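J.:
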Amino acid sequence: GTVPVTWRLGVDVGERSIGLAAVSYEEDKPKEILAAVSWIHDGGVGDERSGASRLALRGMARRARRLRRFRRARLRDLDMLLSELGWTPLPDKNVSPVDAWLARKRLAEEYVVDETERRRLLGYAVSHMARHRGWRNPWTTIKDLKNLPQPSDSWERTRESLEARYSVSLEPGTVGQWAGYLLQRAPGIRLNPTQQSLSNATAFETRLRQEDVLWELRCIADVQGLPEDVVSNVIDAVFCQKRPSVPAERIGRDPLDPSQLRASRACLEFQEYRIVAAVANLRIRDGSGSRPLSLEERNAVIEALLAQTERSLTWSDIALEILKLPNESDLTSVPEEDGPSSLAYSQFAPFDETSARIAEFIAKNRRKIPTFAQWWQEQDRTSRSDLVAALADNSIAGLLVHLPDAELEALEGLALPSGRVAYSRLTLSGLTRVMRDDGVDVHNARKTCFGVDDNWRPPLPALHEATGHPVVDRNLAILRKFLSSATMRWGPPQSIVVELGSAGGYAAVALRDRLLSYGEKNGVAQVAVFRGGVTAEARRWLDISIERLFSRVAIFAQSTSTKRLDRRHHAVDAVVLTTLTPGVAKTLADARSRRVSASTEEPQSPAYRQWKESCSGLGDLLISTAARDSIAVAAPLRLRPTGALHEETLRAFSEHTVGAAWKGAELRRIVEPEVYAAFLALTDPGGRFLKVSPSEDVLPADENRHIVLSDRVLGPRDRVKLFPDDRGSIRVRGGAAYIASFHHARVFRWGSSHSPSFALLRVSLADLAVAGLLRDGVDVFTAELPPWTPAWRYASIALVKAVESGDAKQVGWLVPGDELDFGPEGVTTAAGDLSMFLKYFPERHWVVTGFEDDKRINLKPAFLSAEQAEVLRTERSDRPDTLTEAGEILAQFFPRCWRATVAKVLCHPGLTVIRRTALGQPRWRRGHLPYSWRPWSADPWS
RNA sequence: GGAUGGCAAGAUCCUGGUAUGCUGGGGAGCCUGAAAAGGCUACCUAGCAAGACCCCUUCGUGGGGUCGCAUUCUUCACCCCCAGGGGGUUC
DNA sequence: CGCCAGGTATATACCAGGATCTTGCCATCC
DNA sequence: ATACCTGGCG
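In our numbering, each number is its position in the first sequence, counted from 1, plus 281.
(1) Note down, one range per segment and in chain order, each beta strand (DSSP E) of at least 3 residues found wholly within the region 916-973.
(2) Please state whether the Cβ-Cβ distance between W1179 and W1222 is less than 9 Å.
(3) Quick check on DSSP: helix, strand or coil for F1062?
(4) Looking at the unbroken alpha helix (DSSP H) that takes in residue 1246, where does it start and where does it end?
(5) Check whether the region 763-779 and the region 1191-1202 are in contact - that is, three or more C-beta pairs closer than 8 Å.
(6) Looking at C-alpha atoms only, which residue of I299, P311, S298, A316 is the closest neighbour of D910?
(7) Identify the continuous alpha helix (DSSP H) that holds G711 and give its terminal residues.
(8) Do you know how far the Cα of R524 is from the Cα of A678?
(9) Below 8 Å on the Cβ atoms is my guess for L388 versus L403; work out the distance and round it to an integer in Å.
(10) Decide yes or no for the touch test of the region 814-825 against the region 854-861: beta carbon pairs closer than 8 Å, at least 3 of them.
(11) Tell me, which residues are paired with residue 268 by DSSP?
(12) Taking 6 Å as the limit between beta carbons, can you name the residues of its chain near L1187, skipping five residues before and five after?
(13) Is it true that the region 527-545 meets the region 641-654, where meeting means three or more beta-carbon pairs spaced less than 8 Å apart?
(14) With distance defined between alpha-carbon atoms, name the residue in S636, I904, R555, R1027 nearest to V702.
(15) Where do the N-terminal and C-terminal ends of the beta strand (DSSP E) with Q1091 fall, by residue?
(16) Counting Cβ pairs, one atom from each stretch, are 3 or more of them under 8 Å apart for the region 961-978 and the region 1015-1024?
(17) What does the alpha-carbon distance come out to for the pair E577 and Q552?
(18) Only counting the same chain, and skipping five residues up and downstream in sequence, which positions put a Cβ closer than 7 Å to that of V557?
(19) For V494, which of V407, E329, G1087 has the nearest alpha-carbon?
(20) Name the one or two DSSP bridge partners that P1216 has.
(21) Tell me, to the nearest whole angstrom, how far the beta carbon of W1031 is from that of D1088; I am working on the premise that it is less than 8 Å.
(22) Which residue marks the beginning of the beta strand (DSSP E) containing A302, and which one marks its end?
(23) Under DSSP, the beta strand (DSSP E) around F1039 begins and ends at which residues?
(24) Determine the closest residue to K1082 out of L1119, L1042, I603, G1058, with distance taken between C-alpha atoms.
(25) Identify every run of the alpha helix (DSSP H) within the region 320-370, keeping only runs that are complete inside it and at least 4 residues long; order them along the chain.
(26) Using the C-alpha atoms, what's the distance from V1001 back to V1194?
(27) Pick from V752, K310, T708: whose alpha carbon is nearest that of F731?
(28) Counting C-beta neighbours from all protein chains within 10 Å, is the total for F351 16 or more, i.e. buried, or is it exposed?
(29) Taking the straight line between their C-alpha atoms, what separation do you get for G968 and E936?
(30) Would you mind reading off the limits of the alpha helix (DSSP H) that contains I643?
(31) Determine the DSSP secondary structure at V810, reduced to helix, strand or coil.
(32) With a threshold of 6 Å on Cβ separation, who are the neighbours of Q1149 within its own chain once the five nearest residues in sequence on each side are excluded?
(33) Quick one: using the 10 Å Cβ neighbour count with 16 as the cut-off for buried, is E780 buried or exposed?
(34) Comparing alpha-carbon positions, which option in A354, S710, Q658, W420 lies nearest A518?
(35) Taking all protein chains shown into account, decide if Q476 is buried (16 or more other Cβ within 10 angstroms of its Cβ) or exposed.
(36) Within its chain, find whatever has a CB closer than 6 Å to the CB of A411; leave out the 5 residues flanking it on each side and keep chain order.
The structure is reproduced here in structure tokens:
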């Protein structure tokens, strides 16, 4: 079903956008622009204001959940430890706010005599300390915490500052002492500081260290006379912290054996592998040489490198002191099969760094590790290998033989080489055995152990596998969708050109490799990437002006080039990129910098004249193509019903008596859905929906009003909980929380065909949550939401009377980002500040951004860039008078653009909501992927 | 313009934690009130997405573990990849 | 009320140190 | 930035 055509692909990668183009060629001459679209993605940003990516915000929330859960676990274990001890935690209720501190300071000052009062005061103190234990390095241990200066340097300075500030010195004194004393002397004092950006005085500057809290705990242990047993146990209980780790899923796998994980660099197998590979590439002068090394010489230098305790032996030392060759020039190396030969004689040869680090650690700290020292003496290298890998894999998760503890806690103070290596451990071991037994290069050892071509590079990643970087993946997803659809509609491309704007250098390498795998699979002659501004010179030396290509008005009181203005330029950059070859971009990019840094008109060369004569046609191809409005700006749609279910701040409920008078606002606010349905029945007995207008009473103060429920019957003085605010809300964890942003909106309409009324139902994730519609197999856009859901509670009253009367039916659904093409007739309901905007920017393509209230929808122009308009707005307020009238208009408009009344939007015969293919062509057929439709005339659901 | 050894900085997440914050439950100090009932500034305590599942059972009517704000066309339908994950759908 | 148009609240900020990546620099050998 | 508030003007 694909018609083969000779074409070229062009990609222009931006920070928040990507320009894609498929262009057919004659010979090397462009005849027609098959497709040219500029997709506008978000860069993976989840909170636009923070800048945090969606992925990051998710991970933060995940780790917060697990922090809370582990804290629950250790606190319940602490309660279990100080039950059998005989102590008593702080009860949740009925205590004094200053009992914990009064405890923690008396226990550190005086010896409490009564054993019961001692035990409860201790229970108070340790319970509170575990609940407020301070900070420490997650990688260190409790026995490591015990070995730090106690008290802290920060705490000693804070304490000296407090002693001079409050004119009192406290022995010893602990942070509990100063806290309880300041909560006595100057009440209302805040302990740790905070910033919320006004006027207040705190008691502490820096975060308190767990070492200070442990210091206070041992002060109490000394003063109260506690045995070594229980004091050690309770410190291990209060400062119990899970040790950080990498999950085994995040380590790369070995390309030669994908069943195995990348080894640690500290690995003994790797140290041997590196030395054996370094020597296996050595050659010795025999004339008019050269020769491989004899088995004896190779073993000699391998053992000489393995045994050394420092990295001192150079290659000159190998060539003279070991191989006994006359001069250093008689030894060289060859790195590749059929490649050049060189060797720096001054450089050092590799050595086993981990065995040497263990050697110096044993020689320095031998008293502390007597059995390990003797162990690593006589054990052969196959056992040492497993031990070193166990040390590395427990030092990063991630045992093994006859381990005494006393030595083991010093063995964790050992610094081994960090980082991982390309190949697995068993792979290194096998490659060394073949290189040692057969005296052979690494490239032939590869073939001996595994069946592999000569030579072969480790496999390059494909398009359908991610980069982990959220900014690069938006580009990757759009690109692979476009390229798949282009290979299906037309032929596979002949050339692929990509341009980037180290932040995008990684993006360059990732995109390049994935397109290289694509090319060697589907057969593309040339695939090139370029940095960074090759297209700007290509254009403005071929006289392609983007404000002249698209007839757009001047913007400044100057004659500046407004190229970032129209978001279609990404596409046109793509289309011009398809005309390039590495040499032409070479000679153009040189000239750009040659000019911008240092009569006069430039350049010309045999490739440049050929390029220009072959590409002369584009000047008019672009005019014709932009005239027919063939260039499309698109925004991908977010349909997945995932994200924040509700706003995060819990809010306190209000209450309302059943017998009192009600208004519409107070009835929409009823929390219980059963109580809600009861009052909806009392407001209209045959009604399915709440048809009340807020700000206006609908029920009297019926003194004998009862509402019968299957739970219970309520009396006229009973109280029912109400949400705090007359806005879409839900109940989570005993509080009220506003719904989050709307997932989508459903477009209903009713009335005559020649003049119909429209309305929107603003559907949120809280709506789908309470309706239990997040199960499998649900269509979130057409699945009835009960009348109690916040969506129906806050629909337009016109809508809720029209839907219950059966006249209104769901006709479509809108989701943030999709496109509103008002066709050739354009916005006719223009009024106010919008119309003065349309006199200078005649925009017909609009993008949905939100659903502000129960009667409006938020639209931004699709072709104009928000960031450039912000540039203008910040510019006029700092440098005024430097704008045209259209510049002032564009500056004032864009922060919120069109905040349109839905009534004045959907009343456009034919207006099309456009849903594009990756190639930028509107789907018209009512297929399984989302498709275009017209609100004025579209078959209702079912 | 190649090869090799080393250094530094940056980027993206991942793991474990620290203070705040919010709601519920408390009460040291305090200001308005003849009250009566509510605000203040701190501190103590539980929880922090709604939820979906497993496991071990000594069967405790109680306990241990995972997933839950990413992968921008949900769900339904076709075409693909090396029996679970990842992709594409031309207007 | 229909239709605009201004104004404003949202959870937020640290830590050390792995895994996965990129640039830029230094030096010594062809 | 998004979804709330108030409020003018007819």
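Even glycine gets a Cβ: it sits at the ideal position worked out from N, Cα and C.
T.: Let me spell this out:
(1) 935-938
(2) no
(3) coil
(4) The displayed coordinates of the chain run from 282 to 1223. Any statement about residue 1246 would go beyond what the structure contains.
(5) yes
(6) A316
(7) 706-719
(8) 9 Å
(9) 7 Å
(10) yes
(11) Outside the shown range of the chain (282 to 1223) lies residue 268, about which nothing can therefore be said.
(12) Result list for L1187: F1039, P1216, in chain order.
(13) no
(14) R555
(15) 1090-1095
(16) no
(17) 20 Å
(18) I583, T713, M716, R717
(19) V407
(20) Answer is none; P1216 lacks a bridge partner.
(21) 4 Å
(22) 298-306
(23) 1037-1045
(24) Among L1119, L1042, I603, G1058, the Cα nearest to that of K1082 belongs to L1042.
(25) 335-365
(26) Rounded to the nearest angstrom, the two C-alpha atoms are 44 Å apart.
(27) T708
(28) Residue environment: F351 is assigned as exposed (fewer than 16 neighbouring CB atoms within 10 Å of its CB, all protein chains considered).
(29) Taking the straight line from one Cα to the other gives about 25 Å.
(30) Where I643 is concerned, the enclosing alpha helix (DSSP H) stretches over 634-645.
(31) Here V810 sits in strand by DSSP.
(32) The answer, listed in chain order, is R845, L846.
(33) That one is buried.
(34) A354
(35) exposed
(36) The residues are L359, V519.
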